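Have a look at the structure below, then the notes.
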Amino acid sequence: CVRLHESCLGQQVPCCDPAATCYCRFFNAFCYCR
């Protein structure tokens, strides 16, 4: 799994945090669970 404050860029596991949202702020660079 991945934490909220942990990028998910091309990941293979979900976010340990269900209240998190793997979103990217920019176009294709920074992407983490917000």
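Each chain of the structure tokens is named A, B, ... in the order shown, its residues numbered from 1; ligands are numbered from 1 in display order.
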Contacts of residue A:13 at 12 Å or less, counting only C-alpha atoms, minus same-chain residues fewer than 3 places along, as a count of residues only? 11
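All residues of protein, DNA or RNA that reach within 10 Å of residue A:19, judged by only C-alpha atoms and not counting those fewer than 6 positions away in the chain, are residues 4, 33 and 34 of chain A.
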Strand (DSSP E) call set, DSSP backbone run, chain A, as a PDB file with N, CA and C atoms, in the first residue's frame:
ATOM      1  N   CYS A  22      -5.362   9.460  -4.842  1.00  0.00           N
ATOM      2  CA  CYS A  22      -4.175   9.488  -5.679  1.00  0.00           C
ATOM      3  C   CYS A  22      -4.439  10.432  -6.855  1.00  0.00           C
ATOM      4  N   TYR A  23      -4.080  11.692  -6.652  1.00  0.00           N
ATOM      5  CA  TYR A  23      -4.271  12.699  -7.679  1.00  0.00           C
ATOM      6  C   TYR A  23      -2.954  13.408  -8.006  1.00  0.00           C
ATOM      7  N   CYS A  24      -2.894  13.952  -9.212  1.00  0.00           N
ATOM      8  CA  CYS A  24      -1.704  14.657  -9.656  1.00  0.00           C
ATOM      9  C   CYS A  24      -2.023  16.152  -9.711  1.00  0.00           C
ATOM     10  N   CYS A  31       2.308  13.158  -8.354  1.00  0.00           N
ATOM     11  CA  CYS A  31       1.048  12.448  -8.204  1.00  0.00           C
ATOM     12  C   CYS A  31       1.098  11.650  -6.900  1.00  0.00           C
ATOM     13  N   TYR A  32       0.236  12.040  -5.972  1.00  0.00           N
ATOM     14  CA  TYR A  32       0.172  11.372  -4.682  1.00  0.00           C
ATOM     15  C   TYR A  32      -1.265  11.327  -4.160  1.00  0.00           C
ATOM     16  N   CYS A  33      -1.414  10.739  -2.981  1.00  0.00           N
ATOM     17  CA  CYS A  33      -2.723  10.623  -2.363  1.00  0.00           C
ATOM     18  C   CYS A  33      -2.993  11.900  -1.565  1.00  0.00           C
TER      19      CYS A  33
END
